[PDB]
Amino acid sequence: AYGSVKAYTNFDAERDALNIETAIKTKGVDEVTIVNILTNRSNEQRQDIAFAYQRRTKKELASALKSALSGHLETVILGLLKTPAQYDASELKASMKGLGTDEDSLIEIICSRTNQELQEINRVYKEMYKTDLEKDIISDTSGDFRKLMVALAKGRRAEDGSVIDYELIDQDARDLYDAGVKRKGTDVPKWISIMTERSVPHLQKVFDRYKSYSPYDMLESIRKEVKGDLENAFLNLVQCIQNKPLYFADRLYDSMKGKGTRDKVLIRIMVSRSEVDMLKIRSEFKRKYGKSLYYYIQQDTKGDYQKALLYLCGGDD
């Protein structure tokens, strides 16, 4: 409901598949037409176009476009063609490269996805790679960090209940302070337990009730009590629970603020959150960093790649 790319009203899968077939078979490849079409269609509509294209040409659209395109634009388009679950699962599999695992992407995806999304992701992952996500998480992670990632990826977080339990909120804040800053050392399993099991609004009110018992807020308490992968995961998780659009705005900023561009993160965010809360991310981004997201994307990317990302953004703020 808060996505930037909406379902195209006057949609016709057959003509889109025709125009795309034409744009592909065009000499020198017509990237502009492909971008113009795919970036203004909903994911489901893109699936419809894929099916129509398949019936028309008896070749799958993703293959033809992987042949017709290259580089970052290829990455973006092939990212858009997949269903949300498929894309997330594929990114997760890509992030797990043994001991040199990209833990940043892994954290980004596992910490920010909801119960339904994770439930679908586990199934699709198992169907795609004939192996449960948990086995690979265990294989490519270790320790309390592993435990946390496994807990989160199980996707059985409690749902937001009818009634607000302020008492349990208070007791959770107390438990968090007692297991963290109060004692020397850290009771990590209790932290993981509370942060993975309780619902999101409950954990918001808990995170702000924690400010009453502790001299440091939740983020700083994390920066002090634990460090490393565990720390990064806890930080990202808390950022997501508190303010997810702001979190993704910060993640977008971090991907472009420095030298070059962390295109994996940029592309993944602009694709996965295009039909979710891209409007809110734009809002938070301009509210915090002065200029629009469109602007940063414009200054840090060029060409039809830039064009695609700008279409996924949806105008200047």
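For every residue, the number given is its place in the sequence shown, counted from 1. C-alpha atoms forming the largest set that superposes within 1.5 Å between two forms make up the rigid core.
- Relative to the shown model and aligned on the rigid core, the C-alphas in 4 other deposited structures of this protein deviate most, among 153-161 and 187-195, for 153-161.
- The stretch that moves more in 4 other deposited structures of this protein, judged by CA deviation after a rigid core superposition and choosing between 243-251 and 89-97, is 89-97.
- Taking the mean C-alpha B-factor of each stretch as recorded, 119-127 and 164-172 are not equal, and the higher mean is that of 164-172.
- The PDB entry reports B-factors from which the mean C-alpha value can be compared for 293-301 and 5-13; the larger average falls on 293-301.
- As recorded in the PDB entry, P215 shows the highest C-alpha B-factor of the residues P215, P84, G79, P245.
- For the set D136, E197, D104, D88, the maximum C-alpha B-factor listed in the entry falls on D104.
- Sorting the modelled residues of the chain by their CA temperature factor places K224 in the highest third.
- Among all modelled residues in this chain, the alpha-carbon of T114 has a temperature factor (C-alpha) in the middle third.
- Split the chain's modelled residues into thirds by C-alpha temperature factor. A68 is in the highest one.
- Per-chain ranking of the deposited C-alpha B factor places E31 in the highest third.
- Sort the modelled residues of the chain by CA B factor and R282 lands in the middle third.
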